[PDB]
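Here we start with a single chain on its own, the form deposited in one PDB entry, put down as structure tokens.
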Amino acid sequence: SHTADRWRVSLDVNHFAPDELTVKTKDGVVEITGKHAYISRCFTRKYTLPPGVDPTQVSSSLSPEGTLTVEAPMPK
């Protein structure tokens, strides 16, 4: 009654200009990695999920401007 909460974060990935991004969810942590390539450049950024989030329901999208949005349904 009557709320559908979401966890959501966004990353400006334009400057890094990844050749590939990976979004991995495990042990209540979301790990985002980018690789660009020498010189090869690599970054890793981690987020702690709120308690109760189902790892299979974490999704992401990359906008043409180079912003990566990652999100997931909140348990309750």
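We number the residues from 1 along the sequence you see.
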For the stretch from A37 to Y38, please bin the deposited residues that the model skips: none, 1 to 3, 4 to 9, or 10 or more. 4 to 9
Average Cα temperature factor in the PDB entry - higher stretch of 13-21, 52-60: 13-21
Quick one: higher average CA temperature factor, 38-46 or 23-31? 38-46
